[PDB]
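J.:
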Amino acid sequence: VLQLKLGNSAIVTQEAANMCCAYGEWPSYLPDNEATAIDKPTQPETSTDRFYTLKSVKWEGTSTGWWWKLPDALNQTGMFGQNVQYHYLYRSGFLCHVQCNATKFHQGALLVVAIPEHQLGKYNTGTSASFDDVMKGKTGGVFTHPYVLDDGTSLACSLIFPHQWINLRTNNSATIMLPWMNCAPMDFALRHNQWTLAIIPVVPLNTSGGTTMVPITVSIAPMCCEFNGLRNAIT
Amino acid sequence: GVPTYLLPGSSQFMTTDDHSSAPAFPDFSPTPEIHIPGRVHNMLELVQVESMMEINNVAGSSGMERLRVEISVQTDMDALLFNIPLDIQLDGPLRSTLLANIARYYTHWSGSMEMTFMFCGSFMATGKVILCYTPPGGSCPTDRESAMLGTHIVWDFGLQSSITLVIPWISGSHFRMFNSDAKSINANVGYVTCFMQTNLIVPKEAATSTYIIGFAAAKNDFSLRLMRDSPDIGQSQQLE
Amino acid sequence: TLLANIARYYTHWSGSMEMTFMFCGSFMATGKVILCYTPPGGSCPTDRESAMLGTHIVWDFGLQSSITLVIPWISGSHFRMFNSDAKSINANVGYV
Amino acid sequence: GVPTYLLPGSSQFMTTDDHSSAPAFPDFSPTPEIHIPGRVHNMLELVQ
Amino acid sequence: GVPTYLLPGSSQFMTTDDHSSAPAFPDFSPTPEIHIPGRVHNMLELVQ
Amino acid sequence: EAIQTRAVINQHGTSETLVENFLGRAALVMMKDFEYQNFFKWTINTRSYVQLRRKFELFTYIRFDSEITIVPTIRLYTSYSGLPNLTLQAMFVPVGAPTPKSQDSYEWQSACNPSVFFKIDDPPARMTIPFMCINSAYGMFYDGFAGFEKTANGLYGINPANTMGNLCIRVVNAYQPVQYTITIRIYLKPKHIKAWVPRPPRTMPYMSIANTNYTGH
Amino acid sequence: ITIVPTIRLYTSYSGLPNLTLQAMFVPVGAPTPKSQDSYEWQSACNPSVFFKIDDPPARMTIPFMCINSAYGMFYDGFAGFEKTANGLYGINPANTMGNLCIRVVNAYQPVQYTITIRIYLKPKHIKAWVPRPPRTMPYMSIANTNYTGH
Amino acid sequence: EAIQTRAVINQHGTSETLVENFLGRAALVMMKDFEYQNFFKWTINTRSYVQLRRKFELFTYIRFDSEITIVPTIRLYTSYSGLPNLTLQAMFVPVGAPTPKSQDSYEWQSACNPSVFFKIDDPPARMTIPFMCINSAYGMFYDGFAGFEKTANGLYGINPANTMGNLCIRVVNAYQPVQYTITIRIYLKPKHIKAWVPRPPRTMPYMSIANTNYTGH
């Protein structure tokens with residue numbers, strides 16, 4: 082049993098921390114040669130680099146799945162939320178951790194997939210999704226049609242995205258490290274999301290004499306937060 | 318001056334020509350390229366990504382039910398579990414894979430294929446199943462004995478939850494006869510079939526019904542040729 | 414300004430800006446004023462306390478008649494949405 | 318540019334001309350040639 | 318002669334093209350340039 | 605009834621499945637008619664037709680230069700078969716410039732918008748538009764909003780930086796006595812393609828042009 | 683392939703319209719158009735040539751597109767085992783060369799005209815194998831090498 | 605109602621803001637019609664249109680060669700759509716030479732004024748006129764008078780050395796039976812631009828073409 086410690090936050094894991102780096106890239110920083118032409122960002126290596134543990138969700142036998150949009154999930158939580166609300170430019174990676182608590186008599190498989198630029202869609206309508214439909218904060222969303230990933234694609238081909246499998250008879254943890262995913266060096270946190278952490282129950286949770294409900298714990302830690310300077314001298 | 322003479326097709330516009338053109342903004346200086354992860358150089362990199370199959374071919378099953386095959390204590394040894402025709406152009410479990418969707422943009426394909434199956438039962442759930450490979454032109458097995466008599470692996474999913482099959486070679490194309498209107502369809506290039514060797518054994522507290530999911534992808538020797546239009550959507554009539 | 418008139422001939426602009434203020438009172442006239450800089454996306458100050466709490470210089474024009482401010486970065490462009498007729502205007506990039 | 322002037326028979330199509338043409342499938346990569354016995358290089362080989 | 322074939326946009330006139338043209342006065346010998354102060358090479362010099 | 609045939613597929617090499625060749629095909633992106652509104656105006660996009668849209672939506676970020684070939688055709692009405704050799708003007712208007720409203724609007728002499736003058740009986744006009752986006756690559760998908768205003772909240776998935784510009788085509792020649800219809804075909808061939816972050820293919824019918832909504836079948 | 687079009691009018699001046707023509711090559715693995723304004727004319731994968739009547743004839747080169755290493759001038763066999771294929775002796779589906787579809791992009795003009803199309807084929811990079819006795823008897827069909835008297 | 609959006613503008617380099625590129629755009633400098652006076656006559660200047668004039672008035676002295684492209688269009692009246704392929708003659712007359720007064724005047728065969736013969740159905744005519752000024756550079760502004768005569772006193776700001784010459788365009792073909800209107804578009808692209816002594820931009824509406832007077836708004 083090892084621990085994942087980041088700043089003043091620590092998470093105890095079940096040694097299954099075989100981290101999956103998305104597209105084989107570690108989140109590092111804005112490169113020097115890409116920062117000369119744009120505004121100079123500082124590096125607040127403050128408490129922003131800690132795990133934020135959301136409220137546990139209930140996995141039932143009829144669950145369709147849950148998704149969280151980043152950085153929208155942390156936009157109103159802690160020092161990261163403060164820095165987001167006070168700075169107009171941001172750039173950070175993420176380290177999502179998913180854990181499950183179940184007995185040896187439970188069964189089920191979760192597909193923990195990190196979908197970049199997941200433009201959510203609707204069903205039998207022409208009007209686009211409203212603001213409340215997309216920006217769900219730390220509560221997160223719920224899939225309505227997980228078979229199509231709520232966007233008209235296929236969950237079967239979603240395996241091409243950075244993903245991890247949680248098979249209750251093999252492991253109960255997933256760890257996906259997400260680098261900066263954008264077409265611009267930095268971006269605006271308040272009205273644009275880079276990643277969407279989805280947890281789709283491909284195989285339903287089942288048992289005969291079990292609890293019929295197991296908790297799923299999601300912990301997200303911004304990795305290399307960088308914001309615009311708010312204290313450059315004007316002399 | 319230079320004495321020149323014009324050739325056939327001098328003023329023609331061919332949609333597949335490769336010529337330089339006149340720049341509209343000679344001094345624009347576009348936006349510098351920055352590093353974006355996950356670049357793709359070859360479309361073949363997409364088909365080697367593992368993707369789920371719809372191994373449940375029972376009629377009436379829809380949505381997520383198509384992605385899993387059920388093993389229960391009521392299932393008797395021996396019974397046929399699922400059958401996967403290894404043809405990526407007809408309706409079958411392979412139709413939903415990334416490999417099939419990409420290959421539908423091309424006409425001829427050849428190479429090897431990787432296939433993986435995952436048992437998603439409880440921890441103490443145990444049992445044996447037989448995975449069989451039939452080469453192209455052979456007869457699909459009809460019982461456990463025939464499956465055992467061919468190329469096969471006896472899979473004990475109680476011990477390990479993942480098994481990987483390596484298909485040696487699949488191939489196919491699209492054909493059209495010369496002076497006939499009869500349709501020509503590529504023949505089958507084999508099957509992969511599962512037969513129950515022993516009945517499922519589970520504890521009292523565990524569930525009596527389990528599931529198996531499957532994945533499929535191509536190897537690094539796969540190839541495609543003669544890009545065409547995918548008929549996946551269609552529905553266009555008059556080039557609107 | 415000349416900068417604005419020239420930049421109106423172009424679409425995208427970025428870089429730093431210099432700014433100077435001159436006090437043209439009498440010789441013995443004296444006093445203190447506060448010059449504040451608000452970065453893009455911030456709130457424009459509404460009183461002296463808020464201005465002092467941000468990036469600022471306390472300018473005593475009785476001593477020196479010229480003060481120079483260096484703006485770190487301004488940026489802007491012109492935008493047009495794809496399938497909508499709604500007008501798109503670049504957001505504010507700060508105040509002085 | 319290059320000052321050029323057109324010649325007689327500039328736009329003509331002669332059935333026996335020998336000119337390169339525009340490829341319709343620039344990236345097709347045709348089927349590799351395999352050895353087939355009994356190749357013929359000259360029609361004179363037939364009359365002997 | 319040189320076998321040539323015409324391309325799309327052969328006779329078009331694009332307002333932003335950069336091609337040499339025919340001089341109307343091939344032997345005019347314009348007025349020599351003299352030094353005039355305050356030359357401008359870049360429009361960026363104006364905004365500073 | 606179908607004949608079950610087969611062939612020994614002998615092939616090798618991967619140069620054909622290159623992304624530069626996958627998306628580097630000149631495809632028809634728009635086809636419009638106007639009988640001498653009174654002129655052709657269309658914002659350039661690759662989502663007009665479902666096939667090209669499905670091909671392009673296989674990646675999240677794509678950066679490419681645009682090659683445009685304009686193929687005009689004219690059909691007369693009511698009586699000889701002599702098609703007039705009219706002069707056409709195709710002008711590219713970037714995002715930061717206004718577009719014309721009428722046939723003789725002032726924007727046709729912008730002197731900053733590139734324009735092409737070409738004739739009906741000539742080879743089709745062709746010009747290359749470079750990568751003009753404010754970002755490093757176009758976003759095939761955008762999970763966000765343009766701004767914070769309530770107006771922008773109805774524009775989910777629309778990034779103003781992803782617009783490609785306007786192509787306005789008119790007949791410079793005045794109104795001839797005869798009646799004619801002009802058909803314009805626009806062919807777009809991407810060049811120097813770079814693609815990032817491949818995505819699952821679309822499997823469901825499209826319900827609109829700017830929301831990725833889905834319906835049955 | 684060189685396409686040579688000619689137009690003759692009906693009923698009254700001698701002014702032949704300078705129409706635009708579209709010749710598209712459709713490989714074996716693609717559908718062919720059914721009408722003048724069918725959707726396949728904008729395939730974007732079938733190569734197409736746009737050329738005018740009063741221009742030099744269109745010309746494009748189609749490479750060796752057969753699935754085999756060479757075309758079979760003769761085939762002693764059947765496409766498959768189905769009873770339908772048994773009536774198709776000597777027909778190898780791999781030997782088809784594709785379809786050439788040519789249309790007038792210009793709409794229906796008021797006048798009436800007839801378009802004549804001539805297709806010229808010049809093989810390049812010829813390689814031939816296994817010479818055969820020449821045909822000495824009249825052909826009875828296009829796909830069976832049957833023979834009759836004289 | 606306006607959406608307050610923003611983008612991370614990433615750019616570098618100054619090659620676009622070069623003066624050679626700032627004033628080196630081919631702009632429409634004149635557009636005139638004549639129904640077969653009876654021919655096109657116009658003295659070349661860059662003050663005809665307000666936009667180009669405002670751009671050029673940003674400097675005091677400019678020296679450049681002139682590239683001229685003539686784009687003719689013909690529209691018929693009253698009945699087929701067959702536009703005649705007429706021959707056009709554009710002749711450049713320098714300042715020291717007389718200009719024609721009628722269609723068949725003697726100056727059309729000057730043999731010292733350069734002339735271009737081109738057809739309607741051909742690519743537009745194009746010729747380059749070098750720097751023909753008597754001074755080292757053109758004067759965008761002139762604070763003085765041509766002479767001391769009382770006639771010159773009404774010509775403030777007019778320097779006779781700053782005239783660029785005359786462009787006379789006619790139809791060589793005789794009067795056809797049909798009635799037609801010819802539209803001429805003149806495009807001027809400066810080359811080898813050199814500019815001196817930048818000036819404050821014009822901020823007020825122009826009241827005339829040769830006095831830099833100003834009025835309200």
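Protein chains in written order, with full-length UniProt numbering: chain U, 82 to 316; chain F, 318 to 557; chain P, 414 to 509; chain W, 318 to 365; chain Y, 318 to 365; chain X, 605 to 640, 652 to 693, 698 to 836; chain V, 683 to 693, 698 to 836; chain L, 605 to 640, 652 to 693, 698 to 836. Note that CB positions come from ideal geometry on N, CA and C, so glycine has one too.
1) Counting along the chain, where does the beta strand (DSSP E) carrying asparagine 400(F) start and finish?
2) Out of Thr747(V), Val791(V), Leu774(V), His811(V), point me to the one whose CA is closest to residue 695(V)'s CA.
3) Could one say the Cβ of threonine 527(F) lies closer than 8 Å to chain V's Cβ atoms, at least one of them?
4) Candidates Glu387(F), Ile388(F), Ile447(F), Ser427(F): which alpha carbon is nearest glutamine 406(F)'s?
5) For a test of the three-state rule: what should DSSP assign to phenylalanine 539(F), helix, strand or coil?
6) If we ignore side chains and look at the alpha-carbon of each, how far apart do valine 82(U) and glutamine 157(U) end up?
7) Starting from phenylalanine 342(Y), trace the beta strand (DSSP E) both ways and give me its first and last residue.
8) Between the stretch 753-765 of chain X and chain P, which residues of the former have a C-beta closer than 8 Å to a C-beta of the latter?
9) Can you give me the C-alpha to C-alpha distance between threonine 127(U) and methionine 160(U), rounded to a whole angstrom?
10) Residues in the same chain with beta-carbon distance under 8 Å from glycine 628(L), minus the five sequence neighbours each way, listed in chain order, please.
11) Where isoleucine 828(L) and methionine 710(X) are concerned, what is the direct C-alpha to C-alpha distance, given to the nearest angstrom?
12) Going by CA-CA distance only, name the one from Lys185(U), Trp261(U), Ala97(U) that's closest to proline 303(U).
13) Using a threshold of 7 Å, is the CB atom of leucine 774(V) nearer than that to any non-hydrogen atom of the ligand NAD?
14) Is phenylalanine 440(P) helix, strand or coil by DSSP?
15) Cβ atoms of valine 364(Y) and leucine 416(P): under 8 Å apart, would you say?
16) For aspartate 344(F), go through chain L and note every residue whose CB falls closer than 7 Å to its CB, in chain order.
17) On the DSSP letters alone, give me the boundaries of the beta strand (DSSP E) that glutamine 245(U) sits inside.
18) Within the chosen definition, does the stretch 340-354 of chain W reach the stretch 473-487 of chain P through at least 3 CB pairs nearer than 8 Å?
19) Just how far apart, CA to CA, sit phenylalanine 539(F) and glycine 617(X)?
20) Below 8 Å CB to CB, which residues in the same chain sit around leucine 411(F) once its five sequence neighbours on both sides are set aside?
21) Checking contacts by CB at 8 Å: is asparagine 205(U) closer than that to chain P?
22) Between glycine 88(U) and the rest of its own chain, which residues show a CB-CB distance below 7 Å, the 5 nearest in sequence each way excluded?
23) Consult DSSP for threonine 348(F) and reduce its assignment to one of helix, strand or coil.
24) Keeping to the same chain, check which residues put their C-beta closer than 7 Å to that of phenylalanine 638(X); ignore five residues upstream and five downstream.
25) By how many angstroms is the C-alpha of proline 717(X) removed from the C-alpha of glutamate 726(X)?
26) Can you give me the C-alpha to C-alpha distance between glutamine 708(X) and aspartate 723(X), rounded to a whole angstrom?
27) Counting contacts by CB-CB distance shorter than 8 Å, is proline 349(F) in contact with chain L?
28) Return the CA-CA distance between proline 779(X) and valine 712(X), expressed in angstroms with no decimal places.
29) Going straight from the alpha carbon of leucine 191(U) to that of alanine 730(V), what length do you get?
30) Could you tell me which residues DSSP pairs with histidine 178(U) in its beta bridges?
31) Does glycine 355(W) have its Cβ less than 8 Å from a Cβ in chain Y?
32) Check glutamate 431(P) in the structure and name its three-state DSSP category.
33) Rounded to a whole number of angstroms, what is the C-alpha to C-alpha distance between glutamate 431(P) and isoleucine 484(P)?
34) Please tell me whether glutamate 106(U) has its Cβ less than 8 Å away from any Cβ of chain X.
35) Within this structure, are the beta carbons of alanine 265(U) and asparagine 653(X) separated by less than 8 Å?
36) Which chain P residues sit within Cβ distance under 8 Å of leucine 774(X)?
T.: This is what the structure holds:
1) 397-402
2) The residue list of chain V ends a segment at 693 and starts the next at 698, so residue 695(V) has no coordinates to report.
3) no
4) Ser427(F)
5) coil
6) 32 Å
7) Note, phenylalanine 342(Y): premise wrong, no beta strand (DSSP E); not H, not E.
8) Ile753, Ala765
9) 8 Å
10) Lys808, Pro809, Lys810, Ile812
11) 29 Å
12) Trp261(U)
13) Absent from the structure shown: the ligand NAD. Ligands present: none.
14) coil
15) yes
16) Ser619, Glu620, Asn625
17) 244-248
18) no
19) 9 Å
20) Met370, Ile401, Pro402, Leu403, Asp404, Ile405, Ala417, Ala533
21) no
22) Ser128, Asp130, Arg131
23) coil
24) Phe655, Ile801
25) 7 Å
26) 12 Å
27) yes
28) 15 Å
29) 41 Å
30) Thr256(U), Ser300(U)
31) no
32) strand
33) 6 Å
34) no
35) no
36) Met494, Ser497, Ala499
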